[PDB]
Amino acid sequence: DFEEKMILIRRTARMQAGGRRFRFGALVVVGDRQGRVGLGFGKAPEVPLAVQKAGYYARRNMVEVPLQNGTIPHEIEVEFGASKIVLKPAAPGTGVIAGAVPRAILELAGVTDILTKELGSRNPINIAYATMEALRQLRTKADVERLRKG
Amino acid sequence: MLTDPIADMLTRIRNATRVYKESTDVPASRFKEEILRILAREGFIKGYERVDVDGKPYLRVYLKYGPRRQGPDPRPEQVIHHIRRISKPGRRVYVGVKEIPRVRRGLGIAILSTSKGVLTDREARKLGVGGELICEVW
Amino acid sequence: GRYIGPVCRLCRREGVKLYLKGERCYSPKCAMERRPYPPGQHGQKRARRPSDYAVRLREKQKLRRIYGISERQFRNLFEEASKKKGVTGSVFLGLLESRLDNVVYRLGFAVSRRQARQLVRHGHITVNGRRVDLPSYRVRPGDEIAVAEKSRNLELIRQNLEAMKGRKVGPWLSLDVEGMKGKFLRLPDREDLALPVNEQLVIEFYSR
Amino acid sequence: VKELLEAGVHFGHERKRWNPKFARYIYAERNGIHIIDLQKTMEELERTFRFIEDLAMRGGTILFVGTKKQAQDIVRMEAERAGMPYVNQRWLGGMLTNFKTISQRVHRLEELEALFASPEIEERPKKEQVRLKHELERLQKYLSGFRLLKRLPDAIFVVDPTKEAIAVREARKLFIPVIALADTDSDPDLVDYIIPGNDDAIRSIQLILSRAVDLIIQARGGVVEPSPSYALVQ
RNA sequence: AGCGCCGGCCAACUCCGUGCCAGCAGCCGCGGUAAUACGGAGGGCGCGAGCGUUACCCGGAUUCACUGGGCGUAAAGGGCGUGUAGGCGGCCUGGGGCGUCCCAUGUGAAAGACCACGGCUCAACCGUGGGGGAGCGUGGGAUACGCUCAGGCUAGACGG
RNA sequence: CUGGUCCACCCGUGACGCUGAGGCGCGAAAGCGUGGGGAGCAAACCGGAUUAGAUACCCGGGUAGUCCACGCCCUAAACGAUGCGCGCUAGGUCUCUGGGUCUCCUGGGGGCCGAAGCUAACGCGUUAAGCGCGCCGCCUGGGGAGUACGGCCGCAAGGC
Ligand SMILES: [K+]
Ligand SMILES: [K+]
Ligand SMILES: [K+]
Ligand SMILES: [K+]
Ligand SMILES: [K+]
Ligand SMILES: [K+]
Ligand SMILES: [K+]
Ligand SMILES: [K+]
Ligand SMILES: [Mg+2]
Ligand SMILES: [Mg+2]
Ligand SMILES: [Mg+2]
Ligand SMILES: [Mg+2]
Ligand SMILES: [Mg+2]
Ligand SMILES: [Mg+2]
Ligand SMILES: [Mg+2]
Ligand SMILES: [Mg+2]
Ligand SMILES: [Mg+2]
Ligand SMILES: [Mg+2]
Ligand SMILES: [Mg+2]
Ligand SMILES: [Mg+2]
Ligand SMILES: [Mg+2]
Ligand SMILES: [Mg+2]
Ligand SMILES: [Mg+2]
Ligand SMILES: [Mg+2]
Ligand SMILES: [Mg+2]
Ligand SMILES: [Mg+2]
Ligand SMILES: [Mg+2]
Ligand SMILES: [Mg+2]
Ligand SMILES: [Mg+2]
Ligand SMILES: [Mg+2]
Ligand SMILES: [Mg+2]
Ligand SMILES: [Mg+2]
Ligand SMILES: [Mg+2]
Ligand SMILES: [Mg+2]
Ligand SMILES: [Mg+2]
Ligand SMILES: [Mg+2]
Ligand SMILES: [Mg+2]
Ligand SMILES: [Mg+2]
Ligand SMILES: [Mg+2]
Ligand SMILES: [Mg+2]
Ligand SMILES: [Mg+2]
Ligand SMILES: [Mg+2]
Ligand SMILES: [Mg+2]
Ligand SMILES: [Mg+2]
Ligand SMILES: [Mg+2]
Ligand SMILES: [Mg+2]
Ligand SMILES: [Mg+2]
Ligand SMILES: [Mg+2]
Ligand SMILES: [Mg+2]
Ligand SMILES: [Mg+2]
Ligand SMILES: [Mg+2]
Ligand SMILES: [Mg+2]
Ligand SMILES: [Mg+2]
Ligand SMILES: [Mg+2]
Ligand SMILES: [Mg+2]
Ligand SMILES: [Mg+2]
Ligand SMILES: [Mg+2]
Ligand SMILES: [Mg+2]
Ligand SMILES: [Mg+2]
Ligand SMILES: [Mg+2]
Ligand SMILES: [Mg+2]
Ligand SMILES: [Mg+2]
Ligand SMILES: [Mg+2]
Ligand SMILES: [Mg+2]
Ligand SMILES: [Mg+2]
Ligand SMILES: [Mg+2]
Ligand SMILES: [Mg+2]
Ligand SMILES: [Mg+2]
Ligand SMILES: [Mg+2]
Ligand SMILES: [Mg+2]
Ligand SMILES: [Mg+2]
Ligand SMILES: [Mg+2]
Ligand SMILES: [Mg+2]
Ligand SMILES: [Zn+2]
């Protein structure tokens with residue numbers, strides 16, 4: 001049903017007397033490889049718990065990617081903070097040309113052919129979020145049509 | 001003084017839409033009027049009409065949006081998501097029929113001004129002509 | 001010189017059984033049969049989640065090792081694949097499958113590819129009659145790959161060509177076990193082959 | 001279920017600090033106060049109540065929210081007068097949003113009512129007959145109307161969106177429809193089925209909430225008499 | 001049958017020897033008695049008549065941003081004004097057609113590159129054939145926008 | 001004696017506009033030149049204390065200077081550290097100054113809080129750091145260095 005790809009795990013630190021106090025952050029993508037993906041960032045005392053928490057968050061926060069034969073309906077650029085993502089549609093055979101973060105989200109969304117480019121800050125967390133937004137912003141001819149009618 | 005009346009109109013529209021106005025006036029000019037024709041026919045704006053305000057000729061542009069939405073922030077989606085000026089005073093931009101751009105795999109448009117009149121990128125392509133690439137809308 | 005050395009060890013590093021020996025790889029002995037862990041002193045130790053890179057590297061190393069081809073030649077074929085029209089992935093495979101040495105092996109004239117290769121280097125092979133000792137020679141559609149008249153009586157030839165009786169063969173190939181002739185009907189479809197390889201990752205490896 | 005000349009109470013409220021987004025629902029300014037346009041008050045009521053019958057005669061669980069003490073009682077009255085729950089005292093953050101947790105309090109309340117009617121009331125020192133006596137007592141100052149909900153409401157009936165903004169924010173979040181009598185100081189766009197009227201003044205709130213509760217039974221078929229809260233309007 | 005790697009980036013790990021020594025090191029960094037980072041050995045990864053090193057060019061570098069960047073506090077608004085050149089210029093109509101756009105046409109050497117067949121057993125290499133146009137010249141055409149000349153207008157500016 | 005500017009009337013001209021390299025002018029304090037003038041204050045300086053020392057902080061004195069006139073100098077955390085102009089995009093509240101049918105509308109300023117939106121945050125938000133067009137100036141990792149050389153300017157100190 002749903003696949004799980006862990007984008008990254010990190011061990012942040014906070015301060016109290018005595019010393020440091022670690023916590024863990026996990027970015028996990030979930031997808032059906034058929035037009036449905038979700039992103040999740042969960043933090044917890046232990047990695048495992050963090051990942052799970054992430055996965056869990058990933059399932060709420062899903063996006064309906066309008067695939068068109070393995071590709072996107074059209075090109076789009078989205079900025080999330082100082083991170084920018086460029087998604088460009090492509091013909092078959094092309095593949096998923098992208099950085100680890102975008103591809104992970106792209107493949108689980110069931111995208112198989114696409115041209116990608118990370119601009120600005122390449123902070124994984126924000127680059128991932130920029131991506132979700134990009135997809136979320138994708139429109140279909142039928143959609144545009146629906147909008148332009150009235 | 002307005003340095004770019006077209007850019008002004010484009011923004012007036014961009015601005016009004018971001019706060020969901022009904023209409024929005026813009027000082028009238030045939031050329032602006034021409035662009036509105038396209039905008040209307042393409043279905044980005046409900047329509048527009050000439051109007052006199054304070055004695056001066058303007059153009060009510062009736063905008064249109066999508067339907068109310070679910071969850072937090074019910075504000076409707078924009079029909080005109082993007083509308084950017086291309087050619088500008090001091091940096092004019094032209095294109096031959098062979099160089100007319102394909103705005104968002106067609107889900108969008110580009111209004112050029114050709115000696116055969118103001119046309120969408122598709123219309124121009126058809127009559128096989130190019131010109132000043134005025135703006136792009138989607 | 002195309003590798004040449006301990007071969008049922010590559011099978012072990014790819015965690016998948018590759019047929020670089022033909023028989024022996026069928027009888028409980030391709031090593032993968034009870035000893036499927038990587039070669040070396042650390043072969044049995046638990047592995048660590050490989051980097052997206054590792055995964056992509058081993059995949060290419062798999063496909064490449066299957067045909068005992070060099071990186072130099074393997075890359076040159078892939079670049080050719082890219083350039084050509086149509087899906088690079090398949091097209092690539094189509095080209096690998098068109099190597100005379102491979103075809104010799106496909107037609108059964110030899111048990112493995114490394115043997116098929118040698119059969120070519122030694123003139124025991126013929127393409128449309130003329131001799132051809134270039135294992136990288138690209139077989140085109142319609143070509144007839146046979147055994148040299150003078151080689152048809154060789155001990156090893158009979159054995160293999162014998163075992164070929166009744167045996168079915170590639171839907172894109174055709175074997176006339178009689179005169180020891182074979183015909184390359186057409187380029188295999190990705191659907192035609194069934195290699196334990198996700199060519200998609202291979203393209204990605206070179207896209208880096 | 002109906003009414004027109006209702007200037008008998010609602011219409012026009014709040015001084016000048018408003019919210020421009022609530023201008024369509026405004027008729028004019030008088031003595032410094034905005035006078036709501038009842039004509040539109042009507043239009044919405046219709047569309048809104050129509051939504052009520054809809055969920056009503058269908059098994060639709062509506063949750064009533066009214067903390068504004070100027071209507072705390074008028075709420076539980078018309079609320080209890082239906083299998084409809086309510087939040088009267090203070091809206092606890094996460095009731096809808098963190099329902100499963102905020103629920104254990106209900107699962108604890110009921111249970112603390114067991115002990116206090118069983119062979120264990122007089123067991124263990126007052127060191128507990130007090131701690132548990134208060135726990136149970138507070139668990140009831142708040143969860144009296146919330147006690148009912150088994151699952152998220154099918155809709156939310158709020159009295160003052162601006163005041164009960166935290167509930168609304170959760171409704172929206174959970175795609176739970178939002179019904180609310182809203183005043184000149186609130187943001188309409190946040191309310192799914194609006195009743196543009198005087199959100200203050202008991203005579204108002206009671207009139208609306210009442211008829212809205214009438215329609216609710218008169219929708220689930222139960223033929224009931226007038227409202228028992230028309231008294232608390234003094 | 002070699003050569004380079006096995007701390008991260010970056011595919012590949014264990015023992016011993018050395019101790020802030022001897023040394024490694026592209027960047028971050030390793031070594032002051034348990035070093036996967038030094039040296040050796042076993043094992044492994046990569047490539048293979050080649051493998052590494054140095055130097056140099058483009059890339060990644062939207063890191064000079066035309067495509068594609070910035071300047072409140074990160075590097076960055078001139079101390080302020082006046083004003084020359086220059087850049088930029090509201091609404092309507094007309095003439096011109098310079099920019100701009102369209103059609104023809106000439107030029108655009110061969111080789112190279114691209115596609116297709118061929119010749120050396122393949123290939124490298126090579127041959128034949130096929131499109132591919134930008135730039136510029138010429139000849140027609142269009143006139144929305146920019147330009148220019150005429151004439152109007154008051155919503156900019158200035159004046160009473 | 002003289003500059004700017006705001007409002008009302010809607011009266012006159014008829015795009016006469018915006019920006020602005022260079023140029024020219026203005027430019028806090030200190031400082032320079034010539035001549036005045038010096039109450040108070042006070043770099044240097046002369047002393048008294050403090051201190052481990054005290055070329056300081058505290059105390060008693062005190063010259064340049066601070067003031068005026070003429071010339072110079074041209075720098076600053078010259079700051080909103082935010083270049084100028086125009087158009088567009090909720091509102092509340094306090095305030096200065098006009099006009100009005102003087103609840104309160106209107107116009108031009110000064111503050112605060114905030115729609116949308118923007119921002120790395122902090123915050124900005126019709127007095128934008130928002131959405132746009134025009135033109136100028138400026139940035140491109142730190143140190144070396146605002147240094148060296150050269151040029152220009154200045155009596156010098158020094159400035160660019
Ligand atoms: K943004
Ligand atoms: K030792
Ligand atoms: K070692
Ligand atoms: K470079
Ligand atoms: K400065
Ligand atoms: K003309
Ligand atoms: K923020
Ligand atoms: K000098
Ligand atoms: Mg974290
Ligand atoms: Mg969709
Ligand atoms: Mg997009
Ligand atoms: Mg940015
Ligand atoms: Mg960067
Ligand atoms: Mg614009
Ligand atoms: Mg736009
Ligand atoms: Mg452009
Ligand atoms: Mg452009
Ligand atoms: Mg290809
Ligand atoms: Mg509480
Ligand atoms: Mg209220
Ligand atoms: Mg590794
Ligand atoms: Mg040791
Ligand atoms: Mg190393
Ligand atoms: Mg060689
Ligand atoms: Mg690259
Ligand atoms: Mg570059
Ligand atoms: Mg650089
Ligand atoms: Mg640029
Ligand atoms: Mg930058
Ligand atoms: Mg600083
Ligand atoms: Mg700075
Ligand atoms: Mg300034
Ligand atoms: Mg003009
Ligand atoms: Mg001019
Ligand atoms: Mg003209
Ligand atoms: Mg011309
Ligand atoms: Mg030509
Ligand atoms: Mg040529
Ligand atoms: Mg040939
Ligand atoms: Mg040729
Ligand atoms: Mg003409
Ligand atoms: Mg033009
Ligand atoms: Mg005066
Ligand atoms: Mg007049
Ligand atoms: Mg006149
Ligand atoms: Mg100026
Ligand atoms: Mg000028
Ligand atoms: Mg001065
Ligand atoms: Mg002075
Ligand atoms: Mg003096
Ligand atoms: Mg003197
Ligand atoms: Mg003194
Ligand atoms: Mg001391
Ligand atoms: Mg002393
Ligand atoms: Mg003193
Ligand atoms: Mg200041
Ligand atoms: Mg104010
Ligand atoms: Mg003001
Ligand atoms: Mg004011
Ligand atoms: Mg906001
Ligand atoms: Mg920050
Ligand atoms: Mg923050
Ligand atoms: Mg503010
Ligand atoms: Mg502005
Ligand atoms: Mg800023
Ligand atoms: Mg300037
Ligand atoms: Mg500078
Ligand atoms: Mg430097
Ligand atoms: Mg420096
Ligand atoms: Mg200096
Ligand atoms: Mg000099
Ligand atoms: Mg001199
Ligand atoms: Mg100095
Ligand atoms: Zn084997």
# chains A, B, ... in the order shown; residues from 1 in each chain; ligands from 1
$ residues_near_ligand --ligand "ligand 10" --cutoff "7 Å" --atoms "only C-alpha atoms (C1' of nucleotides) and all ligand atoms" --output "VMD selection string"
chain A and resid 64 to 66 138 to 140
$ write_last_selection --atoms "N, CA, C and O atoms" --output "PDB file, in the first residue's frame"
ATOM      1  N   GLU A  64      -2.278  14.955  -3.584  1.00  0.00           N
ATOM      2  CA  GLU A  64      -2.782  14.273  -4.767  1.00  0.00           C
ATOM      3  C   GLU A  64      -2.074  14.756  -6.052  1.00  0.00           C
ATOM      4  O   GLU A  64      -2.537  15.679  -6.739  1.00  0.00           O
ATOM      5  N   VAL A  65      -0.954  14.113  -6.370  1.00  0.00           N
ATOM      6  CA  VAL A  65      -0.152  14.450  -7.546  1.00  0.00           C
ATOM      7  C   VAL A  65      -0.784  13.967  -8.854  1.00  0.00           C
ATOM      8  O   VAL A  65      -0.897  12.760  -9.092  1.00  0.00           O
ATOM      9  N   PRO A  66      -1.178  14.908  -9.733  1.00  0.00           N
ATOM     10  CA  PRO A  66      -1.798  14.567 -11.018  1.00  0.00           C
ATOM     11  C   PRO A  66      -0.819  14.026 -12.050  1.00  0.00           C
ATOM     12  O   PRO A  66      -0.457  14.735 -12.988  1.00  0.00           O
ATOM     13  N   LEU A 138       0.340  21.851  -8.495  1.00  0.00           N
ATOM     14  CA  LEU A 138       0.136  21.352  -9.840  1.00  0.00           C
ATOM     15  C   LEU A 138      -1.344  21.390 -10.205  1.00  0.00           C
ATOM     16  O   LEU A 138      -2.214  21.110  -9.374  1.00  0.00           O
ATOM     17  N   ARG A 139      -1.615  21.769 -11.449  1.00  0.00           N
ATOM     18  CA  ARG A 139      -2.972  21.851 -11.968  1.00  0.00           C
ATOM     19  C   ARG A 139      -3.108  21.049 -13.255  1.00  0.00           C
ATOM     20  O   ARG A 139      -2.154  20.885 -14.013  1.00  0.00           O
ATOM     21  N   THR A 140      -4.312  20.554 -13.498  1.00  0.00           N
ATOM     22  CA  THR A 140      -4.597  19.755 -14.671  1.00  0.00           C
ATOM     23  C   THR A 140      -5.387  20.574 -15.661  1.00  0.00           C
ATOM     24  O   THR A 140      -6.064  21.527 -15.272  1.00  0.00           O
TER      25      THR A 140
END
$ residues_around --residues "residue 31 in chain C" --least-positions-apart "5" --cutoff "9 Å" --atoms "only C-alpha atoms (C1' of nucleotides)" --output "ChimeraX atom specification"
/C:8-9,11-12,17,25,36
$ select_by_dssp --residues "range 2-220 of chain D" --states "strand (DSSP E or B)" --output "PyMOL selection string"
chain D and resi 13+26-30+33-36+62-65+86-87+155-158+178-182+193-196
$ interface_residues --of "chain F" --to "chain B" --cutoff "12 Å" --atoms "only C-alpha atoms (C1' of nucleotides)" --output "NGL selection string"
:F and (15 or 17-19 or 85-90 or 115-117 or 130-135)
$ write_last_selection --atoms "C-alpha atoms (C1' of nucleotides)" --output "PDB file, in the first residue's frame"
ATOM      1  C1'   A F  15       2.662  66.330 -20.971  1.00  0.00           C
ATOM      2  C1'   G F  17       7.063  64.924 -16.829  1.00  0.00           C
ATOM      3  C1'   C F  18      10.581  61.225 -13.760  1.00  0.00           C
ATOM      4  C1'   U F  19      15.447  60.095 -12.699  1.00  0.00           C
ATOM      5  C1'   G F  85       9.334  59.419  -8.222  1.00  0.00           C
ATOM      6  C1'   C F  86       4.500  57.406  -9.461  1.00  0.00           C
ATOM      7  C1'   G F  87       0.429  53.790  -9.311  1.00  0.00           C
ATOM      8  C1'   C F  88      -1.906  49.790  -6.462  1.00  0.00           C
ATOM      9  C1'   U F  89      -3.241  46.663  -1.740  1.00  0.00           C
ATOM     10  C1'   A F  90      -8.190  46.026   5.308  1.00  0.00           C
ATOM     11  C1'   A F 115      -5.699  42.864   6.916  1.00  0.00           C
ATOM     12  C1'   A F 116      -3.329  40.712   2.856  1.00  0.00           C
ATOM     13  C1'   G F 117       1.457  40.072   1.912  1.00  0.00           C
ATOM     14  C1'   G F 130       3.942  44.539   0.294  1.00  0.00           C
ATOM     15  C1'   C F 131       2.436  44.224  -5.166  1.00  0.00           C
ATOM     16  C1'   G F 132       4.599  46.906  -9.691  1.00  0.00           C
ATOM     17  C1'   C F 133       7.200  50.384 -13.657  1.00  0.00           C
ATOM     18  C1'   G F 134      11.219  54.129 -14.353  1.00  0.00           C
ATOM     19  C1'   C F 135      16.304  56.163 -13.383  1.00  0.00           C
TER      20        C F 135
END
$ residues_near_ligand --ligand "ligand 5" --cutoff "9 Å" --atoms "only C-alpha atoms (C1' of nucleotides) and all ligand atoms" --output "ChimeraX atom specification"
/E:77-79 /F:78-79,81
$ write_last_selection --atoms "N, CA, C and O atoms (P, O5', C5', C4', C3', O3' and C1' of nucleotides)" --output "PDB file, in the first residue's frame"
ATOM      1  P     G E  77      26.464  51.129   1.716  1.00  0.00           P
ATOM      2  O5'   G E  77      25.150  51.090   0.832  1.00  0.00           O
ATOM      3  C5'   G E  77      23.954  51.618   1.329  1.00  0.00           C
ATOM      4  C4'   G E  77      23.744  52.993   0.780  1.00  0.00           C
ATOM      5  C3'   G E  77      22.748  53.742   1.629  1.00  0.00           C
ATOM      6  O3'   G E  77      23.049  55.132   1.495  1.00  0.00           O
ATOM      7  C1'   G E  77      21.874  53.475  -0.539  1.00  0.00           C
ATOM      8  P     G E  78      24.404  55.746   2.112  1.00  0.00           P
ATOM      9  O5'   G E  78      25.562  55.460   1.061  1.00  0.00           O
ATOM     10  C5'   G E  78      25.420  55.824  -0.310  1.00  0.00           C
ATOM     11  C4'   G E  78      26.489  56.820  -0.714  1.00  0.00           C
ATOM     12  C3'   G E  78      26.295  58.219  -0.149  1.00  0.00           C
ATOM     13  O3'   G E  78      27.576  58.835  -0.035  1.00  0.00           O
ATOM     14  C1'   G E  78      26.065  58.270  -2.509  1.00  0.00           C
ATOM     15  P     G E  79      28.145  59.254   1.404  1.00  0.00           P
ATOM     16  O5'   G E  79      27.031  60.209   2.016  1.00  0.00           O
ATOM     17  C5'   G E  79      26.243  59.782   3.132  1.00  0.00           C
ATOM     18  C4'   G E  79      25.486  60.944   3.708  1.00  0.00           C
ATOM     19  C3'   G E  79      24.569  61.670   2.741  1.00  0.00           C
ATOM     20  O3'   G E  79      23.289  61.042   2.616  1.00  0.00           O
ATOM     21  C1'   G E  79      25.928  63.237   3.869  1.00  0.00           C
TER      22        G E  79
ATOM     23  P     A F  78      25.578  59.552  12.824  1.00  0.00           P
ATOM     24  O5'   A F  78      26.279  59.995  11.463  1.00  0.00           O
ATOM     25  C5'   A F  78      25.686  59.715  10.182  1.00  0.00           C
ATOM     26  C4'   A F  78      25.295  61.008   9.511  1.00  0.00           C
ATOM     27  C3'   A F  78      24.697  60.924   8.120  1.00  0.00           C
ATOM     28  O3'   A F  78      23.311  60.645   8.204  1.00  0.00           O
ATOM     29  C1'   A F  78      26.275  62.699   8.223  1.00  0.00           C
ATOM     30  P     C F  79      22.677  59.495   7.294  1.00  0.00           P
ATOM     31  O5'   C F  79      21.873  58.604   8.343  1.00  0.00           O
ATOM     32  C5'   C F  79      20.443  58.528   8.320  1.00  0.00           C
ATOM     33  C4'   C F  79      19.945  57.933   9.609  1.00  0.00           C
ATOM     34  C3'   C F  79      20.200  58.785  10.849  1.00  0.00           C
ATOM     35  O3'   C F  79      19.168  58.541  11.797  1.00  0.00           O
ATOM     36  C1'   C F  79      21.286  56.714  11.074  1.00  0.00           C
ATOM     37  P     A F  81      17.832  52.683  12.113  1.00  0.00           P
ATOM     38  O5'   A F  81      19.042  52.538  11.061  1.00  0.00           O
ATOM     39  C5'   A F  81      18.890  51.723   9.845  1.00  0.00           C
ATOM     40  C4'   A F  81      20.006  51.988   8.829  1.00  0.00           C
ATOM     41  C3'   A F  81      20.609  53.343   8.615  1.00  0.00           C
ATOM     42  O3'   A F  81      20.930  53.574   7.277  1.00  0.00           O
ATOM     43  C1'   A F  81      22.254  51.794   9.363  1.00  0.00           C
TER      44        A F  81
END
$ residues_near_ligand --ligand "ligand 29" --cutoff "12 Å" --atoms "only C-alpha atoms (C1' of nucleotides) and all ligand atoms" --output "list in words"
residues 82, 120 and 121 of chain A; 61, 62, 63, 64, 65, 68, 69, 70, 71, 74, 75 and 76 of chain E; 139, 140 and 141 of chain F
$ residues_around --residues "residue 22 in chain A" --least-positions-apart "6" --cutoff "10 Å" --atoms "only C-alpha atoms (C1' of nucleotides)" --output "list in words"
residues 10, 11, 12, 13, 14, 15, 44, 45 and 46 of chain A
$ residues_around --residues "residue 114 in chain C" --least-positions-apart "2" --cutoff "8 Å" --atoms "only C-alpha atoms (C1' of nucleotides)" --output "number ranges by chain"
C: 20-21, 68, 112, 116-118
$ write_last_selection --atoms "N, CA, C and O atoms" --output "PDB file, in the first residue's frame"
ATOM      1  N   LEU C  20      27.785 -17.108 -14.568  1.00  0.00           N
ATOM      2  CA  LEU C  20      29.084 -16.869 -15.176  1.00  0.00           C
ATOM      3  C   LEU C  20      29.845 -18.183 -15.305  1.00  0.00           C
ATOM      4  O   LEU C  20      31.072 -18.196 -15.396  1.00  0.00           O
ATOM      5  N   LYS C  21      29.097 -19.284 -15.314  1.00  0.00           N
ATOM      6  CA  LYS C  21      29.667 -20.624 -15.421  1.00  0.00           C
ATOM      7  C   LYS C  21      28.710 -21.596 -16.108  1.00  0.00           C
ATOM      8  O   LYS C  21      29.087 -22.729 -16.410  1.00  0.00           O
ATOM      9  N   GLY C  68      30.149  -9.888 -18.398  1.00  0.00           N
ATOM     10  CA  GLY C  68      31.603  -9.873 -18.349  1.00  0.00           C
ATOM     11  C   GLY C  68      32.270  -8.845 -19.244  1.00  0.00           C
ATOM     12  O   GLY C  68      33.348  -9.091 -19.770  1.00  0.00           O
ATOM     13  N   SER C 112      28.370 -20.920 -20.892  1.00  0.00           N
ATOM     14  CA  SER C 112      28.407 -19.619 -20.229  1.00  0.00           C
ATOM     15  C   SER C 112      28.779 -18.559 -21.246  1.00  0.00           C
ATOM     16  O   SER C 112      28.928 -18.849 -22.433  1.00  0.00           O
ATOM     17  N   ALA C 116      31.461 -18.732 -24.432  1.00  0.00           N
ATOM     18  CA  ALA C 116      30.974 -18.204 -25.701  1.00  0.00           C
ATOM     19  C   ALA C 116      31.985 -17.217 -26.262  1.00  0.00           C
ATOM     20  O   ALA C 116      32.231 -17.169 -27.469  1.00  0.00           O
ATOM     21  N   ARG C 117      32.566 -16.424 -25.370  1.00  0.00           N
ATOM     22  CA  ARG C 117      33.546 -15.434 -25.771  1.00  0.00           C
ATOM     23  C   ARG C 117      34.718 -16.137 -26.443  1.00  0.00           C
ATOM     24  O   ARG C 117      35.035 -15.857 -27.600  1.00  0.00           O
ATOM     25  N   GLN C 118      35.343 -17.069 -25.728  1.00  0.00           N
ATOM     26  CA  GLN C 118      36.482 -17.802 -26.269  1.00  0.00           C
ATOM     27  C   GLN C 118      36.175 -18.502 -27.579  1.00  0.00           C
ATOM     28  O   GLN C 118      37.031 -18.559 -28.457  1.00  0.00           O
TER      29      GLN C 118
END
$ interface_residues --of "chain B" --to "chain E" --cutoff "8 Å" --atoms "only C-alpha atoms (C1' of nucleotides)" --output "ChimeraX atom specification"
/B:1-3,29,56,89-90,92,94,96,113-118,128-132
